[PDB]
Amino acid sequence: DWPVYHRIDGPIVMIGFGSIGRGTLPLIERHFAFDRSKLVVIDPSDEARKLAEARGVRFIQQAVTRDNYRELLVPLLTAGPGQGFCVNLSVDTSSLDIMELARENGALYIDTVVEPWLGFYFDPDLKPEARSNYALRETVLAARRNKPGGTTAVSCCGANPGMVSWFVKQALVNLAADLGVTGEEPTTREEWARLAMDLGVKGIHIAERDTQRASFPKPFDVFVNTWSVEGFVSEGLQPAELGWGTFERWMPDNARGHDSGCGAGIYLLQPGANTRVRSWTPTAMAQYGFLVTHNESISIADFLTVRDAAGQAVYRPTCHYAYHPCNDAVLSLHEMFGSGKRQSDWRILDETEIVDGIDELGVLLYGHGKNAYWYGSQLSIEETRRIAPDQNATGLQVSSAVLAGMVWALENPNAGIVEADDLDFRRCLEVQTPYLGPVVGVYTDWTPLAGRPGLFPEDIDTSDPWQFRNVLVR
């Protein structure tokens, strides 16, 4: 039967009960020991309230805001007898501020995104740079520098960001092994970074194809998705963003860097969900992905940076999302950008509404001796239904990653603010793998120059197929 990993000795406060909350709650109940009355869910939605009442869980129907979060969360997280756990799966709330509050009060914390308080994403007085995930991530890095160590808080530990950081480490180990390179696997950041450099990894796509289909066709003027519509549109409207490799020799005219921070990122002055890149997955083969900004695009490139004695970067991989969402979400983006405004309505596909499909989610390492290697999960909706309730394949990859992060935080409770790249990737994947369906590594000889140039002139670099110049759809 199911492993019980740990006792939680205090309140469990779940903030948000949308698609990921609904998928995560049963895993928390499944895999942790605690008094049922210790758990409470906070969400402003009536829909969420009715579901929570049906599950028999405590529910507080309230939006967490800048104005009320201290008054609301501090008593709940410190109810005792010991250390509680704040599980933040919301939108419109500040990850940074709630995280800092949890840490001040000795409660563990996990989220799946660096979310700002409501109002941030569409503030007209904000420059595009300030709306970037690079900038949000830097607030977390600064918080860590200001308060090193202390109670563990896990930032951005979903499927992506989150799990895919663990896939990158496993992929690097697999590439090395497949070359006949034997020896101790890296243990430090510097060793991982040098492994990527030594293997000649030029860059990484977070290469995803969602093939989940609904029993009903896409309705006119309804945005459809397999996870948060609000969250997807939000990130989709942020600037296109990528971790920027040292091998790159070209960037578009509307690309910009950053004055400060870890130094690993650029962004484009255009929305990521209307930016296309040429990419590849085992089931899709060659496909367009959208260049949607993601925390791990920066965090992985940062993690895998090799610096010289002077502190200058001598190696860093390119890293970015290449997202092909479900067909109805592709159509939803076409409708939204085509109308110049958000649809009147939206819906997230429930498992009962999905006829078939998978969420194929992995990391595509390219530029090395075997050209390209994809490593990740091919979780189907059929398998999902067999092993976890109240979610689709997309949800389960995320909720199981939150599970793994919670297990790691409980096992390593004095580690301070950490990213998915900081966790024991083997332990996390050990906890998560029961919920990931097939997990496979696949080589391909495909490159962004396959079939090019065609019948029109193209600005391409034939000496280096994986240059962003060739990947970006222009």
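Note that residue numbering begins at 1 and tracks the sequence as displayed.
Higher mean CA B-factor, judged across 16 to 24 and 452 to 460 from the recorded values: 452 to 460.
Looking at mean Cα B-factors across 178 to 186 and 362 to 370, the upper value is held by 178 to 186. Take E351, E208, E138, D308 and read off each C-alpha B-factor from the entry; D308 has the highest. For the set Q287, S377, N327, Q83, the PDB entry puts the maximum C-alpha B factor at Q83.
Among the modelled residues of its chain, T78 has a C-alpha B-factor that falls in the highest third, as given in the PDB entry. Split the chain's modelled residues into thirds by C-alpha temperature factor. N414 is in the middle one. Sorting the modelled residues of the chain by their CA temperature factor places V40 in the lowest third. Annotation for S299: C-alpha temperature factor in the lowest third relative to the rest of the modelled chain, per the entry.
Sorting the modelled residues of the chain by their CA temperature factor places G162 in the lowest third.
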